[PDB]
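Q:
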Amino acid sequence: XXXXXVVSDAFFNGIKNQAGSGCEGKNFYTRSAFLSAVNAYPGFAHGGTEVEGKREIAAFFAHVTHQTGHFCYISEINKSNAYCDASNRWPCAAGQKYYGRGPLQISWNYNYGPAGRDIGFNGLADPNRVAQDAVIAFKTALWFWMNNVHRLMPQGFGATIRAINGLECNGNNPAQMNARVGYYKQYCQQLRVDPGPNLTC
Numbered sequence: 002x003x004x005x006x007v008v009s010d011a012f013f014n015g016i017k018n019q020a021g022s023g024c025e026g027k028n029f030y031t032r033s034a035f036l037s038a039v040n041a042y043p044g045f046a047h048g049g050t051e052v053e054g055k056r057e058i059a060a061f062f063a064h065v066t067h068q069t070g071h072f073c074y075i076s077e078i079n080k081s082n083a084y085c086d087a088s089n090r091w092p093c094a095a096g097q098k099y100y101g102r103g104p105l106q107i108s109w110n111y112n113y114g115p116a117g118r119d120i121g122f123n124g125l126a127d128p129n130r131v132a133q134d135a136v137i138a139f140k141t142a143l144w145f146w147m148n149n150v151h152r153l154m155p156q157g158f159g160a161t162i163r164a165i166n167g168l169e170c171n172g173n174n175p176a177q178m179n180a181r182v183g184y185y186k187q188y189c190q191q192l193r194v195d196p197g198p199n200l201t202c
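With positions in the sequence shown counted from 1, the corresponding number in the numbering used here is that position plus 1.
1) From the DSSP output, which residues share a beta bridge with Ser76?
2) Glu25: buried (16+ other C-beta within 10 angstroms of its C-beta) or exposed?
3) Ends of the alpha helix (DSSP H) at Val131?
4) Opposite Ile107 in the DSSP bridges: which residues?
5) For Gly21 and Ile75, I'd like the C-alpha separation in whole angstroms.
6) Are there 16 or more other CB atoms within 10 angstroms of the CB of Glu57, so buried, or fewer, so exposed?
7) Would you say the region 26-41 touches the region 160-169, given that touching needs at least three Cβ pairs under 8 Å?
8) For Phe62, which residues in the same chain have their Cβ closer than 6 Å to its Cβ, ignoring the five residues on either side in sequence?
9) Under 8 Å by Cβ, that's how I've got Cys85 and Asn110 pegged, so tell me the actual separation to the nearest angstrom.
10) Shortest alpha-carbon distance to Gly70 belongs to which of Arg130, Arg181 and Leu125?
11) Applying the 10 Å Cβ sphere with the 16-neighbour rule, what's the burial state of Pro155?
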């Protein structure tokens, strides 16, 4: 349940060791940054039982592993889209772009805005800070998780795949869906917890 003791250097390095070494994220994503970020999200891995908490940690790392390519990538590979939904109170800053950044590839003005308000930076004016500071990056990932995915954890890992995209369930992208499940099952083995029901979607 306490991330510092369940997520070890060995566990974190085990992921990052895969795809180095010229990866932009190789010398960015650290366990130290993750643990600093965890301090700001006390609800993470604490929704229910210690088993549920461990499943949540495994689930978080499963999605992060897939979305960043084992910590290879910081920013979305295509960077032209502003990702602006202008119908709002997180108005889009001129010239800025809210494409995916960090462990869970936080995207859109309507996510950068409130994430920044919670974390303590200007998410609309300075979204690149998520790519510049690994502590902020892990905080945005945990912010996104707690605000969008956490409530679905009790329904099983598969419900979290559906929470994160919509495009990788129901036969749409089996390879990516099963990739995520694969990481989750391994991390559950490593953290010594059963994976639970409803893994695929």
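Using N, Cα and C, we set each Cβ at its ideal position, and we do this for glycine too.
A: Reading it off the structure:
1) For this step, residue 76 is matched to residue 75 along the sequence shown. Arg102.
2) The residue you call residue 25 lines up with position 24 of the sequence shown. It counts as exposed.
3) If you number the sequence shown from 1, residue 131 lands on position 130. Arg130 to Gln133 is the extent of the alpha helix (DSSP H) around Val131.
4) Your numbering for residue 107 matches position 106 in the sequence shown. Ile107 pairs with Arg102.
5) As a working mapping, residue 21 is identified with position 20 in the sequence shown. As a working mapping, residue 75 is identified with position 74 in the sequence shown. Rounded to the nearest angstrom, the two C-alpha atoms are 13 Å apart.
6) Within the sequence shown, numbered from 1, the residue matching residue 57 stands at position 56. Buried is the call here.
7) no
8) As a first step, residue 62 must be located in the sequence shown, where it is residue number 61. Closer than 6 Å at the Cβ level, and outside the excluded window around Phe62, lie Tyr188.
9) As a working note, residue 85 is residue 84 in the sequence shown. As a working note, residue 110 is residue 109 in the sequence shown. Contact flag correct, Cβ pair sits at about 5 Å.
10) Along the sequence shown, read from residue 1 onward, the residue named residue 70 stands at position 69. Comparing Cα-Cα distances from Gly70 to each of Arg130, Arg181 and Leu125, the minimum goes to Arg181.
11) In the sequence shown, counting from the first residue as 1, residue 155 sits at position 154. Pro155 should be labelled exposed.
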